[PDB]
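Fold and contact review
This is what each chain is made of:
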Amino acid sequence: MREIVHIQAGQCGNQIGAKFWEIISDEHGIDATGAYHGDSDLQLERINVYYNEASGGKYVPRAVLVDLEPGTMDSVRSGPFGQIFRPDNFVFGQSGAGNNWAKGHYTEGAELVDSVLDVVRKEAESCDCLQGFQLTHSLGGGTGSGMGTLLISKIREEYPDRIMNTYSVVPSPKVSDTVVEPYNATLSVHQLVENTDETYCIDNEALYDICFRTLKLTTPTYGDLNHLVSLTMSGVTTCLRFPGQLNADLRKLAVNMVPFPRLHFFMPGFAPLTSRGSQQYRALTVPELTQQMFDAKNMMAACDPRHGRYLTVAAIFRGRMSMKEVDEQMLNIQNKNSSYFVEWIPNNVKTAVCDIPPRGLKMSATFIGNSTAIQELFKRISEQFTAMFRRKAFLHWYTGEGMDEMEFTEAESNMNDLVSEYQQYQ
Amino acid sequence: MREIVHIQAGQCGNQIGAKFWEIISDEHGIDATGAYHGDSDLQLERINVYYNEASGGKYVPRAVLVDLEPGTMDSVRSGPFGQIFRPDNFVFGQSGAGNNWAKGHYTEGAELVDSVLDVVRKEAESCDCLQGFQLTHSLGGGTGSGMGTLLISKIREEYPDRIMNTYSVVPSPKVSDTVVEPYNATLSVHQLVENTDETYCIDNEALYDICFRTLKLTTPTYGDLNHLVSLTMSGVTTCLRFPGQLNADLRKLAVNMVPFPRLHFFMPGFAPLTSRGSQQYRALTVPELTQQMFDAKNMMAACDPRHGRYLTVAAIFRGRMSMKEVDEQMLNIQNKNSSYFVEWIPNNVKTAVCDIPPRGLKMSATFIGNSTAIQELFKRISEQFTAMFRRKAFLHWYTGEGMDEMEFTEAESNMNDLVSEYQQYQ
Amino acid sequence: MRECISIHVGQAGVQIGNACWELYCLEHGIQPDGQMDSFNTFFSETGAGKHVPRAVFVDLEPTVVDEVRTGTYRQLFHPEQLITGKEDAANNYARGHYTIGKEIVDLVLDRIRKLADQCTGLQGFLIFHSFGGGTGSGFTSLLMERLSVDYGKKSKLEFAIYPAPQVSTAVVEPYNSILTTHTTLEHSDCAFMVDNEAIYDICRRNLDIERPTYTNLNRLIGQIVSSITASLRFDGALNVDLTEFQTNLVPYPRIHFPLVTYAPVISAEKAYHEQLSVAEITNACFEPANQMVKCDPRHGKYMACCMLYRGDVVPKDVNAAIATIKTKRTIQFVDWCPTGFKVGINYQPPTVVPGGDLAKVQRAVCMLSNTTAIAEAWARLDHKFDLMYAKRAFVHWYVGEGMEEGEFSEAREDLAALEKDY
Ligand SMILES: Nc1nc2c(ncn2[C@@H]2O[C@H](COP(=O)(O)OP(=O)(O)OP(=O)(O)O)[C@@H](O)[C@H]2O)c(=O)[nH]1
Ligand SMILES: Nc1nc2c(ncn2[C@@H]2O[C@H](COP(=O)(O)OP(=O)(O)OP(O)(O)=S)[C@@H](O)[C@H]2O)c(=O)[nH]1
Ligand SMILES: Nc1nc2c(ncn2[C@@H]2O[C@H](COP(=O)(O)OP(=O)(O)OP(O)(O)=S)[C@@H](O)[C@H]2O)c(=O)[nH]1
């Protein structure tokens, strides 16, 4: 029931999806091979949403692995929990777009679109009812963005009624890892305003600073980023996967977060996040989390909501507490953060609770909010695009793949209209 | 009833017509000799449209073979299904225009016009009611274009009410096979704007790239081109030849495709086109075809409709499905391709279905559409003509056959007016 | 004793006539050849155990006529009532109205005139055709005015396959539709709805037929015409004539385009799942989606409502159900038309086919009205005509049949005046 098919693009996307899958194996009591060992019926009652009916009392993730190179392929398969995936879900290229959107979308994507559509259709038909999709990729990378755009386009033209979310990784503003990454973000967003119902923006430097300061780690790594990503993962999907006094699903969140079809970018959230010698001393209560719900420190996608205005807030909780405390806390949050909040969307806090807490924590809290802070990020991206497109630098790589000038012109015009609409809302 | 007479010009035209004839022998259950062996009454009920009443329970194609040289003559007759044609339909020259329009139209065409008119009049009178004609030739070649022009002129002055279509082969822009082929295209189009009710433009490089990429063949050949040509063949003529819930004919298509008498060039289409290890994995459903109806990959005449605007679209289907799915798919096609479509021609999709699918495929789909993309092709042809006519190179061959300067001037003026009108529509 | 004449033009008209005659033959027990007095309204007594349909099958293309004359019902139909054409208009109103229609209108006029000669109790004429089809527009229109001028005030009923807003076989359908509507407006006594897309949707959701075929549409027309003609072909508590149909719904000659709806459309397995009572079936039929018209009637006002019950239906239950229909506010009527209700009760249960989508039931009701929502479809068609004629496209095709653009324009303004007359 309400089956969700996972598709992962790029090396970062593949690592994120894998880490998710081990986290789901923890949450649902699944070992490294696939056998179930959970101590409660709640883990295994709704295992079919992310697993399929496997013979011998086994379960395999409903995942699709896509890449243009088998290097991360082999590392993921040979890594932990690599035997839980059938070899068929691993489909890879042999060239690699080299961080180019046009190459991965047209040149090498031409011979991978058939495979990805075949596997996603097999996953959809082999299941009872596909509630929606979830994709992970990086907009900074060129190939991963191209696979994301191609898959969202094909899903929209194939399943226009089935909603989804895309967990794209926007490149960090502070670091220019790829010279042609502004093109990648440009084209990915131009396709996202058009083929995606809602999108969460995940920015690198914000999670980097969180791991550095909030978690108090001197050696941040991709592992902690994937861990927090998997926490966001579980926080969003626990309402559908696990029983709750206030049951919710991705459709509820999409209805509660999208006021306009083009206004669908939101910035996810997780809490509490404390270290060993603070957790045993911190208050394990709701106020310690509500002071952590709204802050630029434990903040996800690097643009401060204080400068802008929140559109609406969604809060999911997992633990043992009553509901009225949450309601009064949300009311106090409005009362004190009225200036930072929007005046014409009263009671803009979406409140739901999943009964089952995650493994190892008796609360986790996932802050799903939307603010006009992403306007700054989009405007900076647009001005950067104008800056190095005025010089017409690095255009040859794209024009060699069948590109054109005014195409990029309407792309930048689309982001201009999007940022203008967001400013008008502000 | 509604008999159609086939006339083939040039080596490419003769090969195309032959391949058509074997394909029709498949579709109507006709063996290599002419005997009928079809398993259904539907094949043999309307066999008279392309065959004649032959003694001994036989049937022969209603074809006319014309060439200026007997080399391809002998190969075609000695090839497969060569005995199904009577020796009388094979009329050939002995000189050969040598890829020259003027030679094949005036010098050697003078002694072939009588023969071709005699044979076409014999075919018309020996039949019950000639619905129309179908001609195949290559505009790149000189003789074939001259025969095409002469025959369309003679048909127009002889049967002005009987419509037809010409399946001319425009030379590929990327390759200059013949130095004097711009003259051939010039004069052929100057006669087509004037003696032809509607014309389909078939470009080489587009089908070449389709066979290379879409079909995934490392060794494209003329055989596959003739095969896809015969698929287009069957797709257009199946509505008239075979019973359908929405019966249609060439007259219906001509009425639905020609908004102005000079605006009659359209670009045919075929789908699905998938290989052995994709067909067994692809979805054999309508959406897989509607994503294939509108694309620059499976695209017929090498000019992208995305740059221009579609005039109107005709879609014929052959299989087992309901009609409302087609209607809603067409509505969605408008909804998403509104920018690529024309705003002032609402519901510009012509929908018809032939009940009987082709042999070996339970669907085939023939995309008959018109767009202002051919404006680019015509403008490039006009500028090339200006480029090498400003130098007055290779004019001696034509002027030796009774040519003149301002004749070519009004020819180029006619293409200038045509391209200006197409741009005005755009 | 009395008779009626059915006219079939075009592919759709020929198929519709064939399906209706299939109904009339299986309802009265006619074997395909014509053997085993109300059945004389559509069949003629000559010789011994003989009946033939009182119909003319004509089309500019002989494909559908050939298909009809190859069925097992060749003996059922006289050969001479089938007319074969040679040049199909190909979705061109002018082609089938002038080029081919003018030289073949004579025999049909001429011999339907004999069909009236031996039918002294001719109640009216039945016409089945399609707006989208060039033949079914042009030839049907011209024979309609020929009927009007050769019969005067004789009742004539039209069944037209109006192309749907998003379903159009031909892109030149606005030209044919506007031209035929302007041409036959003054003489069209009563013209109905057919929405192919609405038929498909209802069949897929009510009959739950995921893969229907034009046979379902054929009896969709067949059951509609059967419910309409049950009063003439069978006695009842209050039979209704063809004249009263146009008397009730045409107080003004401009508006004579009522929509039709049937109740119910239920398969045998679902017929096990629901038995009919008057209140539920009427209120279901009055529901906009149950209507086979792709226009929500609640957008405008209601002209009049006519009920055609067939079978064991109590008139008192009819009155009570109709009243409780009136009181509810989902149904609204014009101020100057407070009492526009006519009820026709028949004792003949609706007839079933073997192997058909409909289930065999002892009672049925036919939903008959002229809502204002038809103005929405007319306005949308006029807007599409304005868009696609503004650049003057496909006009040269009608020009080659020998007229200039003027008549197109004043037909457009005539239909605009019709639209704003609401
Ligand atoms: N409802 C319904 N409509 C049909 C059916 N068969 C044909 N039609 C109508 O017929 C239209 C197709 O064009 P035709 O009426 O057949 O045109 P034609 O018979 O070729 O006549 P010309 O256009 O003059 O050549 C469609 O738009 C349908 O509305 C049918 O079985 N059921
Ligand atoms: N949070 C997180 N970010 C990662 C991880 N791996 C890579 N990234 C980020 O992703 C960005 C590069 O995206 P990537 O997916 O590698 O591009 P790509 O186009 O797929 O690269 P290629 O396959 O063409 S070579 C870098 O900025 C890097 O910081 C990871 O494991 N976790
Ligand atoms: N698709 C397809 N194209 C062909 C085929 N044969 C030739 N052509 C194309 O047709 C073009 C030449 O046209 P052609 O008919 O041979 O000229 P011609 O004037 O008749 O040549 P000639 O008889 O005077 S010698 C070439 O560009 C070639 O690519 C064929 O079998 N299939």
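Residues numbered from 1 in each chain as written, not as in the entry; some residues may be left out. Chains lettered and ligands numbered in written order. Part of a larger assembly, values for the part shown. Heavy atoms only, no water.

1. Focus: the overall build of chain C
Assigned secondary structure in chain C consists of 15 helices and nine strands. Relative to a compact globule of 422 residues, whose C-alpha radius of gyration would be 22 Å, chain C shows 21 Å and is just as compact. C-alpha extents for chain C along the principal axes are approximately 60 × 55 × 45 Å. In chain C, which comprises 422 residues, the share counted as buried stands at 62%. (Helix = DSSP H or I, 4+ residues; strand = E, 2+ residues; numbered from the N terminus. Rg over C-alpha atoms; globule rule 2.2 N^0.38 Å. Buried < 20%, exposed > 50% of the residue type's maximum accessible area, 1.4 Å probe, protein only.)

2. Section: the site of ligand 1
Near ligand 1, the surroundings consist of 21 residues, among which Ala90, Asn91, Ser130, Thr135 and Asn196 of chain C are the closest. Each of chains B and C places residues near ligand 1. Taking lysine 252 of chain B, its side chain carries an N or O atom lying 3.2 Å from an oxygen atom of ligand 1. Residue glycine 134 of chain C places a main-chain N or O atom 2.9 Å away from an oxygen atom belonging to ligand 1. When isolated, ligand 1 has an accessible area of 650 Å², and the protein chains bury 97% of it. Mapped onto the shell around ligand 1, the elements with two or more residues apiece are α1 (10-27), α5 (134-151) and α8 (214-233) of chain C. Counted by class, the shell around ligand 1 contains seven nonpolar, 10 polar and four charged residues. (Near = heavy atom within 4 Å. Polar contact = N/O pair within 3.5 Å; in protein donor to acceptor, adjacent residues only side chain to side chain. Areas by Shrake-Rupley, 256 points an atom, 1.4 Å probe, with all protein chains shown as cover. Nonpolar A, V, L, I, M, F, W, Y, C, P; charged D, E, K, R; others polar.)

3. What to know about the domain arrangement of chain A
Residue and element names in this part refer to chain A. Each assigned domain of chain A is listed here: domain 1 (3-257), domain 2 (265-374) and domain 3 (375-426). A C-alpha centroid distance of 26 Å is found between domain 1 and domain 3. A buried area of about 1,800 Å², summed over both sides, lies between domain 1 and domain 3, and 74% of it is on carbon and sulfur atoms. The three residues of domain 1 that bury the most area against domain 3 are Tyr183, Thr186 and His190, which together make up 34% of that side's buried surface. The interface formed by domain 1 and domain 3 contains one salt bridge. Between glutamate 401 and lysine 103 there is a salt bridge; the shortest N-O distance is 3.4 Å. Where domain 1 touches domain 3, the interface holds six residue pairs in polar contact. (Domains from an automatic or database assignment. Buried area = accessible area lost by both parts, 1.4 Å probe. Salt bridge = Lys/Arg side-chain N within 4 Å of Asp/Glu carboxyl O.)

4. Quick look at the interface of chain C and chain B
If you look at the interface, chain C gives 35 residues, while chain B gives 40 residues. When chain C packs against chain B, the two sides together hide about 3,600 Å² of surface, and 56% of this comes from carbon and sulfur. The largest per-residue losses of area from chain C upon contact with chain B belong to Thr169, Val171 and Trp397 of chain C, which jointly make up 17% of the total buried on that side. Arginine 251 of chain B serves as the salt-bridge partner of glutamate 87 of chain C, at 2.8 Å between the closest nitrogen and oxygen. Applying the counting criterion to the chain C and chain B interface returns 14 residue pairs in polar contact. Taken together, the elements giving at least two residues each to the side of chain C that touches chain B come down to α2 (63-68), α7 (196-205), α13 (374-390) and α14 (395-399) of chain C. (Contact = heavy atoms within 4.5 Å.)

5. Things to note about the site of ligand 3
Residue and element names in this part refer to chain B. Around ligand 3, 15 residues are found, and the nearest of them are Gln11, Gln15, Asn99, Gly142 and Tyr222. Here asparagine 226 contributes a side-chain N or O atom positioned 3.2 Å from a nitrogen atom of ligand 3. Elements with a minimum of two residues in the shell around ligand 3: α1 (10-27), α6 (142-158) and α9 (222-241). Here the shell around ligand 3 gets four residues from one element, more than from any other, and that element is α1. For the shell around ligand 3, the residue count by class is four nonpolar, 10 polar and one charged.

6. Some thoughts on the interface of chain B and chain A
Chain B puts five residues into the contact, and the matching count from chain A is six residues. Interface area, chain B with chain A, both sides summed: about 590 Å², of which 45% is carbon and sulfur. Linking chain B to chain A there are zero salt bridges. Inspection of the chain B/chain A interface yields zero residue pairs in polar contact. Here the residues of the side of chain B that touches chain A sort into three nonpolar, one polar and one charged.

7. With respect to the packing of aromatic side chains
Within the structure shown, the criterion is met by 69 aromatic pairs over all chains. Plain terms: the ring middles of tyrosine 167 of chain B and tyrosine 200 of chain B are 5.5 Å apart, the flat faces sit at 80° to each other, and that makes the pair edge-to-face. Placement of the pair is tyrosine 167 of chain B in strand β7 (residues 164-170) and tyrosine 200 of chain B in strand β8 (residues 198-200), with a sequence separation of 33 residues. Given a relative accessible area of 5%, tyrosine 200 of chain B falls into the buried group. For the ring pair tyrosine 24 of chain C and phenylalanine 42 of chain C, a centre distance of 4.6 Å and an interplane angle of 15° mean the geometry is stacked. When sorted by exposure, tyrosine 24 of chain C lands in the same class as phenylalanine 42 of chain C, which is buried. What links up through ring pairs into an aromatic cluster is the set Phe20, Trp21, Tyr50, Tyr51, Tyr59, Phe85 and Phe90 of chain A. The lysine or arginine in question, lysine 102 of chain C, covers the ring of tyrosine 98 of chain C, its NZ or CZ lying 3.6 Å from the ring centre. Its guanidinium or amino end placed over the ring of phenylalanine 341 of chain C, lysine 326 of chain C lies 3.9 Å from that ring's centre, counting from NZ or CZ. (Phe/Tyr/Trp six-rings, centres within 6.5 Å; stacked < 30°, edge-to-face > 60°. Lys NZ or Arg CZ within 6 Å of the ring centre and 35° of its normal.)

8. Regarding the UniProt feature "binding site: Mg(2+)" in chain A
All names here are of chain A. Per the UniProt record, "binding site: Mg(2+)" is annotated on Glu69. Residue position: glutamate 69 is located in the loop between β4 (63-67) and α3 (71-78). Residues contacting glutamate 69, with those up to four places away along its chain left out, are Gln11, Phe92 and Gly93. One polar contact links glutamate 69 to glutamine 11, side chain to side chain, over a distance of 2.9 Å. (UniProt positions renumbered as here; feature names shortened; annotations may be inferred.)

9. With respect to the packing of helix α11 (residues 278-285) of chain C against helix α12 (residues 315-327) of chain C
Residue and element names in this part refer to chain C. Contact pair α11 / α12: the axes reach a minimum separation of 9 Å and the direction vectors enclose 40°. In this view, α11 runs oblique relative to α12, as classed from their interaxial angle. Judged by the twist between their axes, the crossing of α11 over α12 is right-handed. Residues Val278, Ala279 and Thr282 of α11 touch α12, and the partners they reach there are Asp317, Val318, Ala321 and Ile325. Residue classes in the contact of α11 with α12 are distributed as five nonpolar, one polar and one charged. (Axes fitted to C-alpha atoms, helices over the stretch in contact; angles between N-to-C directions. Parallel < 35°, antiparallel > 145°, perpendicular 65-115°, else oblique. Left-handed = near helix turned anticlockwise from the far one by under 90°.)

10. Quick notes on the environment of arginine 359 of chain A
Residue and element names in this part refer to chain A. Turning to its location among the elements, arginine 359 is positioned in the loop between β12 (349-354) and β13 (364-371). Residue class for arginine 359 comes out partly exposed when judged on its relative accessible area of 42%. Spatially, the C-alpha atoms of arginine 359 and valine 419 are 40 Å apart, while their sequence positions differ by 60 residues. In contact with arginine 359, other than residues within four places in its own chain, are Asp26, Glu27, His28, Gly29 and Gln43. Within polar-contact distance, the side chain of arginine 359 engages the backbone oxygen of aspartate 26 at 2.5 Å. In terms of polar contacts, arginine 359 uses its side chain to reach the side chain of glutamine 43, at 3.0 Å.

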